[PDB]
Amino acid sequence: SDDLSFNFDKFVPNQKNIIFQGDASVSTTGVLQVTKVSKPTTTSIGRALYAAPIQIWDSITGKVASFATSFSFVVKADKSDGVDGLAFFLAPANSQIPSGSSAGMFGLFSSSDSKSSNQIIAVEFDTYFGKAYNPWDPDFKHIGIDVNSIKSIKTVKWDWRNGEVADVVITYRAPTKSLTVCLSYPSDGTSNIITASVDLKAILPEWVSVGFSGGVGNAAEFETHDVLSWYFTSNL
């Protein structure tokens, strides 16, 4: 079998194999709310990571791991629009929420620069793209591949369906250094896709930590960032 493999059909409150950072928590209905869901609605940032670090590449052998993750999430806005987005990410083992972060940086970045020191690769599901506060984002809700910077290296228009459940399948094929995000809404057949080339060895350290993150930088334009299920498998 492969190096690592784990499935979560549902989450349980205060799960021991998940590290909660920020407002991230799991409701009694079994859903992981990376973003605080409360009345009244409050400004929030949260991240949830699998407790054990993953060896993503080996310095001794030069081998890079190929992984695949599948998960289902929901983003429900009270209004027609919402903020700020959700993100699946790989960061250095036991990464802490960068000091002075913000909802628009999904708790992954301290600023809008492209510093190789960040050592972060993430797939963002950006719901907010306004240029007043997010000048880097394009003119629409998007799915983006982020490498060491919140300014995605490649994006694609996200046909977001308010309150609808999305099935995401992300694959990473080490041999060809390609990353493929595969999103689809089973309710109405709406689906989006994006692929990009990335060399993990050249960006992340050997041992990383995987998980999700998100934010809400304005309680006025509230929306949830609930992940329902999560499958992950990696292999060197």
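Residues carry their position along the shown sequence, with the first being 1.
Figure legend: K63 is marked as modelled in all of the other comparable entries of the protein, none of which omit it, let alone a third. In at least one third of the other compared structures of this protein with flanking residues present, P40 is left unmodelled. The deposited model assigns a higher average Cα B-factor to 31 to 39 than to the other stretch when 45 to 53 and 31 to 39 are compared.
Comparing 69 to 77 with 136 to 144, the stretch with the higher mean C-alpha B-factor in the PDB entry is 136 to 144. Taking the PDB entry at face value, the top CA B factor among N17, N218, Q21, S213 belongs to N218. Residue set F88, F129, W160, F106: peak C-alpha B-factor at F129 (per PDB entry). Sorting the modelled residues of the chain by their CA temperature factor places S197 in the middle third. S234: CA B factor in the lowest third of modelled residues in this chain (values from the PDB entry). For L179, the recorded CA B-factor ranks within the lowest third of the chain. Only modelled residues enter the ranking.
The PDB entry assigns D113 a C-alpha temperature factor belonging to the highest third of its chain's modelled residues.
The PDB entry assigns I97 a C-alpha temperature factor belonging to the highest third of its chain's modelled residues.
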